[PDB]
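Chains as they are written, first to last, in this note's numbering: chain A, 23 to 852; chain B, 271 to 1098; chain C, 3 to 281.
Ideal Cβ positions, reconstructed from N, Cα and C, are used throughout, including at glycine.
First comes the structure, then the notes that go with it.
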Amino acid sequence: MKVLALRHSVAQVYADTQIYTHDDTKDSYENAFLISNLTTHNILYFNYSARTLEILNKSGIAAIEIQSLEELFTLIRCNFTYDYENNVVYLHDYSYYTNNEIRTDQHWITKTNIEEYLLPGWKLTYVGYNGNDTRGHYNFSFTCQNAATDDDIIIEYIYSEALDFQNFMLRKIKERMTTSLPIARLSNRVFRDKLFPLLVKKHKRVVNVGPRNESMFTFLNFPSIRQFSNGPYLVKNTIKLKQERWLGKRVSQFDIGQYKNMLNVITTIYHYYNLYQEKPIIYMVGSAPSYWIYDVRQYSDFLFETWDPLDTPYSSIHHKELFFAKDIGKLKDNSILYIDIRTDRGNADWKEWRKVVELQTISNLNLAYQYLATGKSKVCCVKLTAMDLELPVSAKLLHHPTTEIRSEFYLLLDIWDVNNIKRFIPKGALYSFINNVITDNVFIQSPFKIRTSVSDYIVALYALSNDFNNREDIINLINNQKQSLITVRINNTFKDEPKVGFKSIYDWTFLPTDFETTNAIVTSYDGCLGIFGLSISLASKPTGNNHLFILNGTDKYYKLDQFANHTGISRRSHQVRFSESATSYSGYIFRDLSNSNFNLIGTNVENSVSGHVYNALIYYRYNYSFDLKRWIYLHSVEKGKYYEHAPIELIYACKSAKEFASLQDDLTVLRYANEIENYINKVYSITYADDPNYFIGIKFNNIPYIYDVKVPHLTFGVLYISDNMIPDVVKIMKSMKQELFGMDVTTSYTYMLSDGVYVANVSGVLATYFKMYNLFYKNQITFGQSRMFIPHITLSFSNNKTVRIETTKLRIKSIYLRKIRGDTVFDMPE
Amino acid sequence: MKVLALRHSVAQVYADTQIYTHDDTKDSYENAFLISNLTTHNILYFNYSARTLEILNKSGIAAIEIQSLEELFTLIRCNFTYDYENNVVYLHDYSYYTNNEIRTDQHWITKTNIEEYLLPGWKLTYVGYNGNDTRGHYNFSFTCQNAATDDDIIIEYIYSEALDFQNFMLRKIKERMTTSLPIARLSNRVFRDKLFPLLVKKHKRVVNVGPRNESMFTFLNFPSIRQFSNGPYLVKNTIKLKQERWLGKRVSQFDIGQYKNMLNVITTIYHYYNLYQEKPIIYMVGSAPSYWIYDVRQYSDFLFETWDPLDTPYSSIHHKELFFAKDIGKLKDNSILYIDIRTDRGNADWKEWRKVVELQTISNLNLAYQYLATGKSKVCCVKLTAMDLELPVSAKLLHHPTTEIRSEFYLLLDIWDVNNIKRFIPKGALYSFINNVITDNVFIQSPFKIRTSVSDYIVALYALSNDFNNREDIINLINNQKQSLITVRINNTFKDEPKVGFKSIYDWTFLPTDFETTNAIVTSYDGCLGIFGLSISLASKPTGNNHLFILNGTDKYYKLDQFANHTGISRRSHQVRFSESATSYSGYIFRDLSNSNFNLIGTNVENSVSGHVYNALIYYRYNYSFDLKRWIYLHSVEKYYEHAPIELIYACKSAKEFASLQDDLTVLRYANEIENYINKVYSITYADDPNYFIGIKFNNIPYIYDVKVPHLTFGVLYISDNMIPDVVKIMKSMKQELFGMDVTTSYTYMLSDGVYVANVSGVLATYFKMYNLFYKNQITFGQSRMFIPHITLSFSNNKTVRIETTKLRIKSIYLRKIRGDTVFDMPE
Amino acid sequence: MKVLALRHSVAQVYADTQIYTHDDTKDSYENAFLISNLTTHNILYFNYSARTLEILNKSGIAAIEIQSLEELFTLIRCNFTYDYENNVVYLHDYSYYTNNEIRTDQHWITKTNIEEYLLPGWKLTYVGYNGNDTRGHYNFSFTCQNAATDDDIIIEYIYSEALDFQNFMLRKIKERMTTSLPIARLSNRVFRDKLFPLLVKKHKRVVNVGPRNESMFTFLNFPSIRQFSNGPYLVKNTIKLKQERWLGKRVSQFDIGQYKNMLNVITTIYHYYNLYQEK
Ligand SMILES: Nc1nc2c(ncn2[C@@H]2O[C@H](COP(=O)(O)O)[C@@H](O)[C@H]2O)c(=O)[nH]1
Ligand SMILES: Nc1nc2c(ncn2[C@@H]2O[C@H](COP(=O)(O)O)[C@@H](O)[C@H]2O)c(=O)[nH]1
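In structure tokens, the structure reads:
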């Protein structure tokens, strides 16, 4: 929501688009609330309270100080992710195209002949992970960098098997200008990099479910984490494959053999991590260029040993420029070995070269076998070619994207693999694997069993909510797990559809009430981002791939007003109320008509009994960052910290939301409202004195209207009690005697309350009524009725016309407790 | 958008919701444009020029003076329609429900026992037509009134055969709070009343197509207007009806017999108007309550002479308080007669009572016959009951909604009807008509045949666009009419579907290019509202039931910048470019990549080709008030921007690419259609095979150059030798201007593989002015591709270098034979 | 799937529409299988194995012997439900409209002035529950009756609050000719009436979940069954209701006070059944 606070003295004015202006010196939390309810994208903050900036940032709303209006202000007309703890700004902005450049996260790409295939004059410039090397471009009051890169395009080109790069880059850039900004993808890079270190330091055992190739670099420094992904391609599974012949498909114009090498070595690193939770020694044979080491070293320090006749720049120690044949004993006991040996494309016939390469393949495989036969705790990966050969059945198969699909694959072998059953594999099956399979993911770990773990911190970022996963197992995991961070699809669909999908790929959808979590925060990406110290320029759109984030066993659950608060609950409510609606009063109007309070709708903008629940039910697709359930619960057990609202006040908003949904045919909001009302009636064991025996009544000295009944009284309470509780009731009355006479009782008009009932309004007594309802309910005394409480002084049982007077205070003369249908009053304090 | 202008004295500011602020005195017409491109609903204007406030109001955008911050400002946080000519404000706001009241614009309703069936304690409060009686409530710098009424509910209740009013009103009120404000419905009530008087005065002959019961009162004062509706129910058509018996269905809890009487009389008035184009005398018999006269008299004066026993209507000149039996000679020759004979009942038998009513009906029918036997100009309406009887074949049958369906109907009779064939009609058929039909419309006039009329001002207000009307007949009417105001549904669908519909009721959809109008304004409801002196606080939502408005042959067509202007062209463009976009430069970047200007993206924030058209094509669902067609045409034949035609074509190609990427089929069509219109209006030629060229030479070149002769190729042309002199003339015509331009260069870049050039700035505007001069003089200038001003430096495929802004020498300008050593001119 | 087996000697031939022909003497279960895989609606069975008819009937496929080709065969060009244990044929067929008549399951309706509000000349004729009194119309090799009635229309008119019966009946009849036959609704009446007696006799304790008003008559003789439906309207729940005044809405042209009385008494019977499992 991009709130920018600039100095009041330097309150510069320009007509920027979608801007707003706010400033006030009354409270520090309500300035944040009122800012959170502004309707535009950018907000300009002029009294610039540091406290209020911190509150916004905790809520996920980006709030930063602006000191160099000349450049700081103008260079923030784009979205960004703000690390407010370290005061860092990560710009997600593709204006750098005006420099005729493509930006990448990876250094190795700069060494390929990629620039030739770009548009004429274009270059690609390395920017570092999340634009770390761009900090020179921006020298502001804060550290500033541009996290936007074109790496998605390059990776898509590599996996797309289409050849011509010029048109591909051009098409993808034009598309990027035609579609809205990929905020989720770009800010999640920052969130991953900040999140997982905090978890590894802060928690004993961290389990990450379904990592994707995007974060392959994130976990390079954290072997403590146990990863669960899709299964690996085993050799035994090649029995199903139909035999095929050589097929020379070219996928990339520029040589990407280094990307293949890097994905291979990283896959091996993570296999080793999965087996032994420690960082291994890396041994590499071949891999002469080896530039990508740099990109790995940016995330974790590793010890690299290289054997290649050419030079390898970034290696730790290039043990020998000479080739490696029988030097097995140099290899230490806790390590991984990458064997990429290609002798040479000789200038001989292709058949002769094939025999040469086949013999070389057998040599490499035997080298791997000797590597793993001698020593415990090691893993290896070999380059083989497609031929008839006998591989172990449990070995893992790798074919990552390479420049051309030309009869090569890789075999990943642990020590359990070497002495295992070996099977004969024809060249046709291996060719079928090379041609029909491209390895999608470097995480080859066994799938995650969706069971609650008591010693683990489970992290399911975008993996659990899928069409094929068991829904009830997901619900039980979220419900009963301690210490977790799990994400599901939101079900922002009308008609309450239980799945949502794109081109026959579907996801399960959940409402916040579909869970029964005891102690957890159920918020948006904004809320979860704030809980971990980040804020963002751009909120979730109501219709999109929006996810609920659920944090189980968090430090922050009891900080109700601090994290996943009601910031922005009324942003959409206010936009609709002031632009499109029939009247700005429509809300109070509808809420009173929904609770059968139509008897008078006269100036109901004052002292309405409905609550936050109405906007959390109706506009949930916008403000689901609120966590309505925790808000209700924490106010059940004070341990009402700011509000002290009676439960009937919550139930009334529930009923109003149900009627609204039925009018709009919003089936989802109808369910959500019914379920929240159920949760309320579970947390509060509410009772209704629909058949009362006694009542509390207030009597006034003067009555500014013509009255036709003998006794004008305000029925201020109605209750159902046994006689023995009359002292208890009395005590509770005494408990607020001061407060009872303190209230500023006012009346301004008379109206018809029902057929044959003519009453005078009473104002200013309702807050006291709710405090007293809370006290009676806490004391297990049945107080209140099924209907809504309407404070009124009955004037006559006749049908008379409405009369108005100026606000005339009313004065209390006695506050009595009387038995219904008994002329006997059982208490009369003055 | 509510534009609210506050004075320096009232420069007070609060945090109003969805608010914005603008103010400036360094620009003239651009203050209105820049206001028109702001994103929120309400805007506050602080250092305001009266001129730009007027420009906004002419464009349809409501712009009001605000002086009473205490009440006037707080009470304009709701939408309204503003008559800026008379400076009056019609509020459309239903906050008045907080008074426990139902508001009607009709006085007769107040006399019924309707208040009894409302919610307890609620009242019904008569308000003036379009809230005339609310002006007392508001004491502002301007006239102010609240046009919102609950008549939607009352009318729907009467026509919906729902029984219980209390629940119906309650449900409809809740619905009204749950759905957005019916602005089209409410403000068109104002628009009709301002429109049609202006048309009657300003034009001789006015034809109104398909009026509905909503505007029943509007045309009461204009028999000059000839209206065409769906048609009448004739007695001749009762042969189809299957015989039925009495079925006593109750329609309303409170007596609405006065609505029936009024609708009958009004139907008769409009029939009389249809036959003889002049206002009649009104004679009525029975009609004891007589209030609806008031509601009629508020729009037009009529002469009301009623005969009613011992009862006194409202304003009827009571020719006799005695019962009327054989006084036919008292009734004048230019008149209308309504025969509602009370027919009072009693406590007698229902069968005997039926015979009583039958005899009374026969008396009434003979009464009508005696009325019509004489006279040159008369029309009559009679109350009958269901019985066997012989009615004229050409007579019209009326059954307007009444309290109960109790064996009663009304017959409309012409002077032509009496002298026509009479046919026997059984009681069963009459019961079938009473039970199965309620007359929907008081205009029973024959339908409009969709043919152009040359002497008439035709008005088709939401009537022509429909599934069943001939689409090509509509296109020809709009295209070839001389003086009309016609509305059609706009094709705001993403897939190019030519129809749009709900529950088997469909409408044809058109694009602005689907027409070929000669001199006409094709704009939105806002634009049309502005042309007639009204403005509105909030524009139409892009995917609503939005209508194109076409005004043929108006005085305002040539006033381009005043009406149907470019206000709001970039409102959505600016919201998208900031906010959600990948980059704030995204627009210029995409137009340069789509027109093959990808060689460099450096010099594109400055000196880009057209984008005025770009946002009018792709964001058309928002700014369809622009009328891009007249804008293109008027700039072909001057009658400011001085924009080259290729400049428009490039934006067309960019919009086509954008639509193809978004799969916006309608925008793709619209873009291709506009490019077609451009190449139609401009007979463009391209010198793709160059013959000669214009070259500029400078002494200073801040970069290392590896070519022998550095020059800026400022032109390419295909010409005959005989035309070489004329070209020189044009060069001389702006020689000063050519050396005058402040040409600047800032960096070097790659223009293609193996080409290394330096950017050029400040020459492009001169290039377009000169292109216009070449095209006007029928000399082929320019190329199919886009013009890129550059000085070739080398064919060396070298890396790009940047320097500070360096001016250029312009030592010489010249025209040289391409591939020839011959230069044919070289001015100092 | 309407398999009709007729005598091989009397193998009459006509070009009926959607018919088929099968006959074989190799196996008794595979003749049933091969018949079950034929594609048309009606099948004509010529070697007419009694065993194979029983197998089909056990599978749900109607399989009946045809002996009076002249009328039995032609009066089976309509769908039906076949009680193959008792050899009874319940026709679900609305051809009886050609007799200018409306058929009802309930005797009380005949005492109301309903016939006046029909189309001219039309009558309503009581036919008994699932057409028990229609067995006189059909005297075939099997017991035969027409279970089709217009009672759905009358009940819908009573609950629809629209007044004019003539147009309502006409509209609903025209609709019935324009839409396919409501087989599920009509055969489920027969299935309920056969099913629940078998269950009460065959099982100790029978629980029926969510009975609807349609089968209000089915359980009149079985108080052993415990029924579970939607909750009742309690007096205490009137506290929520908004106060209103007299509103005289007329829902039916002919007096249906007897339907009200019957529904009241039957509701009371079932409440008593729910409390005390006896009549
Ligand atoms: N009863 C009640 N009303 C609230 C509460 N919070 C906000 N509101 C009402 O909601 C309004 C803003 O939300 P809106 O009605 O515009 O959606 C405020 O002006 C206030 O009257 C609450 O906790 N309880
Ligand atoms: N209206 C208009 N805008 C132009 C024209 N040429 C360039 N522009 C640019 O287009 C912007 C309008 O918003 P856009 O959708 O291009 O972002 C203006 O701010 C301006 O910088 C033109 O001829 N007409």
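query = With 8 Å set as the bound, which would you pick, yes or no: does the beta-carbon of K251(C) sit closer than that to a beta-carbon of chain B?
reply = For the purposes of this step, residue 251(C) is taken as the residue at position 249 of the third sequence. Interface residue, yes.
ask   = Mapping DSSP to helix, strand and coil, what is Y92(C)?
value = Counting from 1 along the third sequence, the entry for residue 92(C) is found at position 90. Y92(C) falls in the strand class under three-state DSSP.
inquiry  = Quick check: what's the CA-CA separation for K692(B) versus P184(C)?
reply    = Here residue 692(B) refers to the residue found at position 422 when the second sequence is read from its first residue. Here residue 184(C) refers to the residue found at position 182 when the third sequence is read from its first residue. Those two C-alpha atoms are separated by around 49 Å.
For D658(B) and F694(B), the rounded distance between their alpha carbons = Your numbering for residue 694(B) matches position 424 in the second sequence. Your numbering for residue 658(B) matches position 388 in the second sequence. Distance between the alpha carbons of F694(B) and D658(B) is about 7 Å.
inquiry  = Between the alpha carbons of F303(B) and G391(B), how many angstroms are there, rounded?
reply    = For this step, residue 303(B) is matched to residue 33 along the second sequence. For this step, residue 391(B) is matched to residue 121 along the second sequence. When rounded, the distance between both Cα atoms is 50 Å.
inquiry  = Which residues in chain C have a C-beta closer than 8 Å to the C-beta of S618(A)? List them in chain order.
reply    = One-based indexing of the first sequence puts residue 618(A) at position 596. The contacting residues are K242 and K244.
key: Whether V649(B) touches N690(B) by CB criterion (8 Å)   = Along the second sequence, read from residue 1 onward, the residue named residue 649(B) stands at position 379. Along the second sequence, read from residue 1 onward, the residue named residue 690(B) stands at position 420. No. Outside cutoff.
Sequence-distant residues of the same chain with beta carbon closer than 8 Å to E575(B), five excluded per side = Indexing the second sequence from 1 puts residue 575(B) at position 305. Excluding residues within five positions, the ones whose Cβ falls inside 8 Å are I551, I552, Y553, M554, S586, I587, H588 and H589.
task = Can you check the stretch 205-234 of chain C for any beta strand (DSSP E) of at least 3 residues that lies completely inside it and give the ranges in chain order?
result = 209-211 and 228-230
query = How many Å lie between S878(B) and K145(A) at the Cα?
reply = For this step, residue 878(B) is matched to residue 608 along the second sequence. For this step, residue 145(A) is matched to residue 123 along the first sequence. Taking the straight line joining both Cα atoms gives about 23 Å.
query = Can you pull the DSSP bridge partners for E426(A)?
reply = By one-based count along the first sequence, residue 426(A) stands at place 404. Answer is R272(A).
message = Under 8 Å, Cβ to Cβ, is there at least one residue of chain C near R613(A)?
response = Taking the first sequence and counting its residues from 1, one reaches residue 613(A) at position 591. Closer than 8 Å: no.
key: alpha helix (DSSP H) segments (min. 4 residues) lying fully within the stretch 860-942 of chain B   = Runs found: 882-888, 890-893, 898-906 and 915-932.
message = Out of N223(C), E72(C), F48(C) and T112(C), which one is the CA nearest neighbour of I258(C)?
response = Looking up residue 258(C) in the third sequence gives position 256. Among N223(C), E72(C), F48(C) and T112(C), the Cα nearest to that of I258(C) belongs to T112(C).
task = Using a cut-off of 7 Å between C-beta atoms, extract the partners of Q288(B) located in chain A.
result = Counting from 1 along the second sequence, the entry for residue 288(B) is found at position 18. The answer, in chain order, is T61, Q597, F600 and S601.
request  = Take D186(A) and list the residues in its own chain whose beta-carbon comes closer than 6 Å to its own, dropping the five residues that flank it on each side.
outcome  = Within the first sequence, the letter at position 164 stands for residue 186(A). So no residue of the chain qualifies.
message = Considering only their Cβ atoms, is the gap separating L839(A) from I728(A) smaller than 8 Å?
response = Position 706 of the first sequence, counting from 1, holds the residue named residue 728(A). Position 817 of the first sequence, counting from 1, holds the residue named residue 839(A). Cβ distance not < 8 Å, so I728(A) and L839(A) don't count as in contact.
query = Quick one: Cα of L918(B) to Cα of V883(B), how far?
reply = Start at 1 with the first residue of the second sequence, and residue 918(B) comes out as number 648. Start at 1 with the first residue of the second sequence, and residue 883(B) comes out as number 613. So the alpha carbons of these two residues sit roughly 7 Å apart.
key: Identity of the residue in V379(A), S707(A), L832(A) and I623(A) nearest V659(A) by Cα   = Counting from 1 along the first sequence, the entry for residue 659(A) is found at position 637. Ranking the options by Cα distance to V659(A), first place goes to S707(A).
ask   = Looking at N626(A) and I812(A), is the spacing between their C-beta atoms short of 8 Å?
value = Residue mapping note: residue 812(A) aligns to position 790 of the first sequence, counting from 1. Residue mapping note: residue 626(A) aligns to position 604 of the first sequence, counting from 1. No, they are not a contact pair.
inquiry  = For a quick check, are the C-beta atoms of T240(A) and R207(A) less than 8 Å apart?
reply    = As a working mapping, residue 240(A) is identified with position 218 in the first sequence. As a working mapping, residue 207(A) is identified with position 185 in the first sequence. Contact: no.
inquiry  = Any beta carbon from chain A within less than 8 Å of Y855(B)'s own beta carbon?
reply    = Indexing the second sequence from 1 puts residue 855(B) at position 585. Yes, its Cβ sits closer than 8 Å to a Cβ of chain A.
task = List the residues of chain E whose Cβ lies closer than 9 Å to the Cβ of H44(A), in chain order.
result = Annotation note: the requested chain E is absent from the structure, which comprises protein chains A, B and C.
query = Could you give the distance in angstroms between the alpha-carbon of residue 291(C) and the alpha-carbon of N437(B)?
reply = Residue 291(C) is absent from the model: chain C starts at 3 and stops at 281.
inquiry  = Counting C-beta neighbours from all protein chains within 10 Å, is the total for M439(B) 16 or more, i.e. buried, or is it exposed?
reply    = Here residue 439(B) refers to the residue found at position 169 when the second sequence is read from its first residue. Buried is the call here.
key: Per-residue contacts from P980(B) into chain A (C-beta, under 7 Å)   = By one-based count along the second sequence, residue 980(B) stands at place 710. Those do not exist, as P980(B) stays about 19 Å from chain A at its closest Cβ, beyond 7 Å.
query = To which residues of the same chain is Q69(C) closer than 6 Å at the C-beta, ignoring the five residues directly before and after it?
reply = In the third sequence, the residue the question calls residue 69(C) occupies position 67. Non-local C-beta neighbours of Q69(C) in its own chain, meaning closer than 6 Å and more than five positions away in sequence, comprise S143, ordered along the chain.
ask   = Taking Cβ positions only, does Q932(B) come closer than 8 Å to chain A?
value = Taking the second sequence and counting its residues from 1, one reaches residue 932(B) at position 662. Cβ-Cβ to chain A under 8 Å: yes for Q932(B).
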